[PDB]
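> PDB entry and its sequence, pasted below:
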Amino acid sequence: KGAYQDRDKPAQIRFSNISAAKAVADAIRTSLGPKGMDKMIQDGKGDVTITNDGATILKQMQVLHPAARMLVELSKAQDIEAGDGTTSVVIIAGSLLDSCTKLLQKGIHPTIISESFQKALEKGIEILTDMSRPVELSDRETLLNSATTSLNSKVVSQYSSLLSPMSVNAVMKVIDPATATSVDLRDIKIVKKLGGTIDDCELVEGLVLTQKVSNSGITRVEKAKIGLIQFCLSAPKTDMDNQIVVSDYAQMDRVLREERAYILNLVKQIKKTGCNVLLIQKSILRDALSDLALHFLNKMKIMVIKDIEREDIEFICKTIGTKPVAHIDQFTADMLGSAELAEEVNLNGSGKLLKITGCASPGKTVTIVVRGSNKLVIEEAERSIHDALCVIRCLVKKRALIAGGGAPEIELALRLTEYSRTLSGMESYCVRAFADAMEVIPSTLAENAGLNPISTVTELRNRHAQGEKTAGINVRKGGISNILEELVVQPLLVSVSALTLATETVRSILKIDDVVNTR
Amino acid sequence: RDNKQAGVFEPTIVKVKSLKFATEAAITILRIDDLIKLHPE
Amino acid sequence: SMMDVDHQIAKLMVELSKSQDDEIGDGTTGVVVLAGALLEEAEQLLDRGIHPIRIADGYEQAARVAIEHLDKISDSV
Amino acid sequence: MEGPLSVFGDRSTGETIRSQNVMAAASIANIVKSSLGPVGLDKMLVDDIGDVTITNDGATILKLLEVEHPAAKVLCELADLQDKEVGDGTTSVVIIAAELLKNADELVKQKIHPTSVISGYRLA
Ligand SMILES: Nc1ncnc2c1ncn2[C@@H]1O[C@H](COP(=O)(O)OP(=O)(O)O)[C@@H](O)[C@H]1O
Ligand SMILES: Nc1ncnc2c1ncn2[C@@H]1O[C@H](COP(=O)(O)OP(=O)(O)O)[C@@H](O)[C@H]1O
Ligand SMILES: Nc1ncnc2c1ncn2[C@@H]1O[C@H](COP(=O)(O)OP(=O)(O)O)[C@@H](O)[C@H]1O
Ligand SMILES: [Mg+2]
Ligand SMILES: [Mg+2]
Ligand SMILES: [Mg+2]
């Protein structure tokens, strides 16, 4: 007879948290893998969203249980660190907790479960690293295969032939492949424009803008010199309160004339540089482009795009080599950007786009125009392309590759079962639970593919025991096979981060024993 | 009836775009296997 | 029996315990604990994707085995 | 809610939601089926105030209607897109999308995987 444990509310709270987490995992289990399908989510306001992304799904369904909220945060963290695996991580967490259920019932302490899970996690990171193979960023075929694998799960998979080379080109265009240790995907701009179909998506090396051109008649410019204008082309206005007191009839005409002359001098100093395209920043508190200024620019044959946003300035400069000018005195030729063409293109009556293509200083920036027949499919195409970019980012960060099709999970299950048999004690039960929990991804992949999950997962375990550690679920043949022949590869970072973050979240949830309702 | 001799013509773009858009719509709707309708606030 | 249950499966479990009491007069708690455990294990089996009828048939087979083993290890007074 | 998933809303899953989506699309297409071809006829539309609109244009009809289901709003926007990019075919495109949905859901009921149906539709 040990300690009576006079209180049962800690156990009730643990079981409620485990149940909520397992419920979330089982709710999103259907959106896992190439044969997985999407969920539609209608917000309270009525905003519809179709998606296969685990992070998006979890953020959009307003889960209420604390454990479910924590799983949402977990998926968001995985989306940050790897951008791919946001469903696998939640499923792994739910499964580990579902195993904590039977462990707790067996009568193991949550602290022992947590420590044994940390042990199993370290051993599993070891195992996955052993499985991994190095990759060279020059291996364009390996990059294409990683991107295609990442896209196989999404609605944009019939267009993979189009969107994988774009998703690899963008990243290889926005990084120096020899020195890069990461990539900032804010350098990759995505522009969603309704109309056409997803096969109409494009990778624009130059610049794309949704702002409209103010000139009528000047839509196309070749050999374009472009200038950014952070000052206002309108009547003078001091930063102090200013008035112009008229006391004689002559002063009225004089005021109008001097205003005209000010504006004309401005636009003439602009023309004198050879500038034929003029990007004007957006200006509240003062008119950035008066009618006189527009008249004069048009007469001088200059295309004008105003209302540029103060956040697109760094992007536009990074793209087309311009330097932002805030005083007309400093507006010279060295502050311009040279572009072989700048045109306002129409998209089959579905809107207009300003495309600045060709650049003498195309500095590590690219744009992707996402087309589509519906807002929903456009949004999910954007999300999938982002997932592919993040997969390439993982590959850049950690130059290591792991097989797919549930091969890493199966190898993990197997080797951690062995580790458990070697770690005799009460840690053995917990490590075996960790292994059988990691066995849920292959089961889910099989179920979604339409196979018999038990037989499929047993065949996988058997072949991995024989030694085919690169063996997985071939949804094309309908059974098990060497998955590298199907070219299903993913960065080691995805699996490693998924395992690490899921284990940390599980230990956190296991360290909880009560719930209070504040206020 | 021979509609080319009867004069019943449609621009190719009509049928082509109709097919492409209809297929895209069918694909997007068919990809949905779940629905979560949140209670408004 | 004193429990004011609304769930129909809980009503089935009440009937199960009452049946054990009618037939035997003892074991009314063992039957319920064991049935709950069997269903809890069927839960994990269903997660792995086995047909619930296959689960029920495996349970019937194992129950026959256990009954025969009871007859085997039994003693007499 | 009653289920373990504590989301504050309703949840449809599987053949239920697939049949519902197909029902919505079919509803939208059956609205406009009667206005197709040289023998199609026009429709009145009354805007709850006595505002009357006579029309044969499927895009116009689906813009004037007040649709609540998202799988039917999808087809309404499809007709709008057809009107923007082509200018004709706004009814045929909706009819064809709905029929593709019908047959594809029939296949999914026969348990052909929706990915396979989608690949076949893309190829076709
Ligand atoms: N063509 C394929 N064949 C077999 N398995 C695949 C294929 N494409 C992807 N997978 C598997 O599907 C998983 C990716 O599913 P996904 O929907 O992206 O979930 P997550 O977002 O959690 O990665 C990976 O574990 C990968 O092994
Ligand atoms: N003195 C004892 N030592 C060990 N086990 C016992 C003892 N008395 C009863 N048990 C066990 O307790 C279990 C539960 O029986 P109990 O709950 O008393 O009756 P019921 O199950 O009909 O309510 C029985 O399986 C029996 O083997
Ligand atoms: N004179 C005709 N004889 C036979 N079919 C016709 C004739 N005119 C039009 N059609 C058919 O009617 C269909 C669409 O009719 P309509 O409703 O006017 O166009 P929309 O699809 O733009 O609504 C087309 O597929 C076309 O083949
Ligand atoms: Mg993925
Ligand atoms: Mg007794
Ligand atoms: Mg017509």
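Ah, there it is. Residues are numbered from 1 along each chain as shown, chains lettered A, B, ... in the order given. Ligands and ions are numbered 1, 2, ... in the order given.
> mind listing the helices for chain D?
Counting by DSSP state H, chain D has helices at residues D:15-32, D:58-64, D:70-85, D:90-109, D:114-123.
> Over in chain D, which residue gets nearest ligand 2? Let me know.
Using C-beta to the nearest ligand atom, the single residue of chain D nearest to ligand 2 is residue D:4, 30.1 Å away. Any C-beta I mention is one placed from the backbone N, CA and C, and that applies to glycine too.
> my guess is that residue contacts residue A:20, does it?
Yes - Residue D:4 lies in contact with residue A:20 (C-beta atoms under 8 Å); the separation is 6.4 Å.
> quick one, which of the two is more surrounded?
Ranked by neighbour count (other C-beta atoms under 10 Å in any protein chain shown), residue D:4 and residue A:20 place residue A:20 first, with 25 against 16.
> so where do the helices sit in chain B?
Listed in chain order, the helices of chain B (DSSP H) span B:3-6, B:12-30.
> For residue A:66, see how far away the residue lying farthest from the centre of chain B is.
Here chain B reaches farthest from its C-alpha mean at residue B:41, the gap being 34.4 Å by C-alpha atoms, centre = their mean. Going from residue B:41 to residue A:66 by C-beta to C-beta, to the nearest Å gives 21 Å.
> ok, now which ones touch whatever residue of chain B ends up closest to ligand 4?
When scored by C-beta to the ion, chain B has residue B:31 as its residue closest to ligand 4, at 15.2 Å. By C-beta atoms under 8 Å, 6 or more residues apart in numbering or on different chains, residue B:31 lies in contact with A:37-38, A:50, A:52, A:155, D:114, D:118.
> Recalculate using a threshold of 10 Å.
Residue B:31 is in contact with A:36-40, A:50-52, A:154-155, A:157, A:376-377, A:380, D:114-115, D:117-118, counting by C-beta atoms under 10 Å, 6 or more residues apart in numbering or on different chains.
> Kindly provide the distance from it to residue A:206.
Distance, residue B:31 to residue A:206, using C-beta to C-beta: 33 Å.
> Within range of ligand 3, give me the residues from chain D.
Proximity of chain D to ligand 3 (C-beta under 6 Å from any ligand atom) is limited to residues D:36-38, D:40, D:58, D:88-92.
> other SSEs contacting the one helix or strand residue C:56 maps to?
Assessed by DSSP states H and E, residue C:56 sits inside helix C:52-73. For helix C:52-73, the packing partners by 3 or more C-beta pairs under 10 Å, 6 or more residues apart in numbering or on different chains; DSSP states H and E come out as helix C:30-47.
> What is the neighbour count of residue A:431?
When neighbours are defined as other C-beta under 10 Å, residue A:431 has 24 of them.
> Quick check: nearest residue in space to it, chain neighbours excluded?
Distances taken as C-beta to C-beta, 6 or more residues apart in numbering or on different chains place residue A:420 nearest to residue A:431, at 3.7 Å, with adjacent residues excluded.
> Give the buried residues for the strand or helix carrying that neighbour.
Assigned by DSSP H and E, residue A:420 belongs to helix A:407-422. The neighbour-count check on helix A:407-422 (16 or more other C-beta atoms under 10 Å in any protein chain shown) flags A:407-417, A:419-420 as buried.
> and the residue nearest the centre of chain C, what does it touch?
By C-alpha atoms, centre = their mean, chain C has its centre lying nearest to residue C:35, at 3.2 Å. If you count contacts by C-beta under 10 Å, 6+ apart, residue C:35 has them with C:12-13, C:16-17.
> Distance to residue A:497 and neighbour count added to these, as TSV?
Formatted as TSV, those follow (distance: C-beta to C-beta, whole Å; neighbours: other C-beta atoms under 10 Å in any protein chain shown):
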residue	distance to residue A:497	neighbour count
C:12	46	12
C:13	44	18
C:16	48	15
C:17	49	19
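> Contacts only, for the closest residue in space to residue D:19 that isn't next to it in sequence.
Excluding its sequence neighbours, the residue lying closest to residue D:19 (C-beta to C-beta, 6+ apart) is residue D:105, at 6.9 Å. By C-beta under 10 Å, 6+ apart, residue D:105 lies in contact with B:26, B:29-30, D:15, D:18-19, D:21-23, D:25-26, D:114, D:117.
> How much space separates residue D:105 from residue B:30?
Taking C-beta to C-beta, one finds residue D:105 at 7 Å from residue B:30.
> Now for those two: what residues contact both?
Listed contacts common to residue D:105 and residue B:30 are D:18, D:21-22, D:114, D:117; contacts here mean C-beta under 10 Å, 6+ apart.
> Out of those residues, which two sit at the greatest distance?
Within these, two members stand farthest from each other by C-beta to C-beta: D:21 and D:117, at 13.6 Å.
> So between the two, which is more surrounded?
For residue D:21 and residue D:117, the more surrounded residue by other C-beta under 10 Å is residue D:21, and the numbers stand at 24 against 21.
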